[PDB]
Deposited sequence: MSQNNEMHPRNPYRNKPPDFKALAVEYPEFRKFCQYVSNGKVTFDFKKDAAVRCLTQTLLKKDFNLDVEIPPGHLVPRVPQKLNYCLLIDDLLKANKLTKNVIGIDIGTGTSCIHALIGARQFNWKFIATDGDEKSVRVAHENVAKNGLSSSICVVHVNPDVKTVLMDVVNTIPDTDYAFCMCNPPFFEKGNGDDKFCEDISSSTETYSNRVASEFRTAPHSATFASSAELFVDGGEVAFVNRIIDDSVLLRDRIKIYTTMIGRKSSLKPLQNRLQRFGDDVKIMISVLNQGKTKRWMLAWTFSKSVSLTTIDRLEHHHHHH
């Protein structure tokens, strides 16, 4: 009941099998006389290693998450990827899928997961320098330099996308992912300012959102374009997590 096509909905990771296959992960597994494998989720090292192990075993991705960073959760990021995959299916844009990932984080997890599981290509973007260092490192480790292009942006500029879409000027991109920096209204409104430009150059605009009451103004802004744009909102899995997805398109050739 996480997501219909998520491989983790009905095949939860077997921590004993992961312990056997990956020894650096089973140091964080508290195997005891209980007969089961016990795992502490309240320690950051354990969650970091769990994410690393899942990426290695299920996506052939050796990734480093450095200390003091967000620890990505593979199932939820994969849910975002699949939600984007379905809309490309409906609007039949599943040929040469070039997308733009914003705020990739330290690990470009959206870019790597898309390039591995969906064969996508990405223009990846982050505003934090150590994160772009580690992003270049991860892309080069996994050999996806021919699939993901990682670009640093100075966060001072209003534009988040127009400095990026310059990278390849003869391409009309398919979509953009974003995980906003954790207030959010200003960031997403900058994205929307880029959205009223570059109108059909990017077919579908998407972003996650964490703050609850950030939806009312943003949507208020989007419906200010009236019939010119289409708007859609979606949810995530795990229940207790509080994240939404917001998508919009000026294209009439698309259907959210």
Counting from 1 along the deposited sequence, which stretches lack C-alpha positions? 1-5, 188-235, 310-322
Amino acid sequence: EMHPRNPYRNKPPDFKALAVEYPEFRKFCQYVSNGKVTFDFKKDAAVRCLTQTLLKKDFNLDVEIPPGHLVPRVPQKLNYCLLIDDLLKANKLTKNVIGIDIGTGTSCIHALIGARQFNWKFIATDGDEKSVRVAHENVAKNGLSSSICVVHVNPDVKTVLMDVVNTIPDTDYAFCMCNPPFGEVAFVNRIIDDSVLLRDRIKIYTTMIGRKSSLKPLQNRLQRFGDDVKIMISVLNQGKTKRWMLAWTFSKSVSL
From here on, numbers count along this sequence of modelled residues.
Given the B-factors recorded for C-alpha atoms, which segment has the greater mean, 111-119 or 169-177? 169-177
Taking the recorded C-alpha temperature factors, which stretch has the higher mean, 72-80 or 132-140? 72-80
Between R201, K36, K57, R48, which one tops the list for C-alpha B-factor in the PDB entry? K36
Ranked by Cα temperature factor within the chain, is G99 in the lowest third, the middle third or the highest third? lowest
Hey, what third does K216 fall into on Cα B-factor, ranked over its chain? highest
Assigned third (lowest, middle, highest) for the C-alpha B factor of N154: highest
Going by the entry, which third of its chain does the Cα temperature factor of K230 land in? middle
Would you mind ranking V164 by its C-alpha B-factor against the rest of the chain and naming the third, lowest, middle or highest? middle
